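Visitor: once you've seen the sequence and the experimental structure below, I've got questions.
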Amino acid sequence: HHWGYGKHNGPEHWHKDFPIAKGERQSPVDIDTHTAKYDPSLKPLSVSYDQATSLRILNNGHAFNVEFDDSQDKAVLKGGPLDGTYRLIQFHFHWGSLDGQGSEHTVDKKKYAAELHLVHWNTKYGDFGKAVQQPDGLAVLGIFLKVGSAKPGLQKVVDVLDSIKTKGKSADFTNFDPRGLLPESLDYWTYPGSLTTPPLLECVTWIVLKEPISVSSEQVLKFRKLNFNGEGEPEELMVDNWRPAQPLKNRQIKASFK
Ligand SMILES: C=CCN1CCC[C@@H]1CNC(=O)c1cc(S(N)(=O)=O)cc(OC)c1OC
Ligand SMILES: [Zn+2]
């Protein structure tokens, strides 16, 4: 009886195995655009993905993760609210059964069709497992997806999903360029928070881009053909793999833009 996104094991149950689920800095949150304050002291974010080395794509039973070589400073996130250098380890998405839900963060209670998370770790802690034990260990770049025009830079991801339908399947996924998943603007909101999956560790500086990317209906329909189950098991479509907004508590969301 492991955690997941069903009736019996979904987000309202997680606190029993992971009591931090009711903690002081949980994610995701609703971004109230009228209460977020412009912070002129933040910087421009620096997203340096030209040397990124993707390796593999894995269906982990929750989402699919595109994994990178993080054994050197190749694809790194710096600036904005961050001090130091954060290495890209993996990206994944959260999405819905229908276009009106899927994102984890919300904007004035608006749900997007999906949300991309680019997960990076703070090199001062040496490895990812040490970083997730620190309050400043991870930086997650979050990007909303709306349904409209296709995202050309996403199609290589879409076209490999048939090969990783079920939990525990992986495929070679070399030479994928994550720059093709970014919107034009790097305007963002930021706040201190958590992993949105168990173990829900309070180790994340969240950086959520204001500008969504557009993907096609055909692209997101291919996300919804994945399976939470392993091969040969009763089919459970991989949909609605999002945690809902959590209480903001004693936190301020800051804006990089006026
Ligand atoms: C070294 C320990 C930390 N490990 C322990 C098992 C998962 C946890 C790592 N969690 C993540 O990387 C992880 C984080 C997120 S999220 N939405 O960025 O918090 C999602 C995910 O899979 C959809 C993840 O699993 C790979
Ligand atoms: Zn995520």
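Guide: Cool, got the structure. Numbering: from 1, shown residues only. Ligands and ions are numbered 1, 2, ... in the order given.

Visitor: if I pick the residue nearest to residue 217 when sequence neighbours are not counted, what's in contact with it?
Guide: Nearest non-adjacent residue to residue 217, counting by CB to CB, 6 or more residues apart in numbering: residue 147, 5.4 Å away. (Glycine included, C-beta is placed from N, CA and C.) Contacts of residue 147 were listed using CB atoms under 8 Å, 6 or more residues apart in numbering, and they are 99, 113, 214-217, 220.

Visitor: go with 7 Å
Guide: Residues near residue 147 by CB atoms under 7 Å, 6 or more residues apart in numbering: 99, 113, 215, 217, 220.

Visitor: how close does the fourth one get to residue 128?
Guide: Looking back up the chat, that one is residue 217. Computed as CB to CB, to the nearest Å, the residue 217 to residue 128 distance reads 35 Å.

Visitor: so between those two, which is more surrounded?
Guide: residue 128 (17 against 11; other CB atoms under 10 Å).

Visitor: which helix or which strand is home to the closest residue to that one other than its chain neighbours?
Guide: Using CB to CB, 6+ apart and skipping the chain neighbours, the partner closest in space to residue 128 is residue 121 (4.7 Å). Assigned by DSSP states H and E, residue 121 belongs to strand 114-122.

Visitor: buried residues, the helix or strand just after that strand. List them.
Guide: Reading on from strand 114-122 to the C-terminus, the next helix or strand found by DSSP H and E is helix 128-131. Buried positions in helix 128-131, judged by neighbour count with 16 or more other CB atoms under 10 Å: 128, 131.

Visitor: packing partners for helix 128-131?
Guide: Contact here means 3 or more CB pairs under 7 Å, 6 or more residues apart in numbering; DSSP states H and E; on that basis helix 128-131 packs against strand 114-122.

Visitor: at 10 Å instead, please
Guide: Packing partners of helix 128-131 (3 or more CB pairs under 10 Å, 6 or more residues apart in numbering; DSSP states H and E): strand 86-95, strand 114-122, strand 138-147.

Visitor: secondary structure and distance to ligand 1 for the contacts of residue 147 - can I get that in TSV?
Guide: Shown next, in TSV, are these (DSSP: H, G, I helix; E, B strand; the rest coil; distance: CB to the nearest ligand atom, whole Å):
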residue	secondary structure	distance to ligand 1
99	coil	20
113	coil	16
215	strand	18
217	helix	23
220	helix	17
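
Visitor: excluding chain neighbours, what is closest to residue 61?
Guide: residue 167 (3.7 Å).

Visitor: report the contact partners of the residue nearest to residue 128.
Guide: Neighbour list for residue 121: 70, 77, 85-89, 127-132, 134, 137-139, 203 [criterion: CB atoms under 10 Å, 6 or more residues apart in numbering].

Visitor: so who does the residue in the stretch 151-258 of the chain that ligand 1 sits nearest to touch?
Guide: Nearest to ligand 1, among the residues of the stretch 151-258 of the chain, is residue 195, at 3.5 Å (CB to the nearest ligand atom). Contact analysis of residue 195 by CB under 10 Å, 6+ apart lists 18, 20, 26-27, 117, 119, 132, 138, 140, 201-204, 243.
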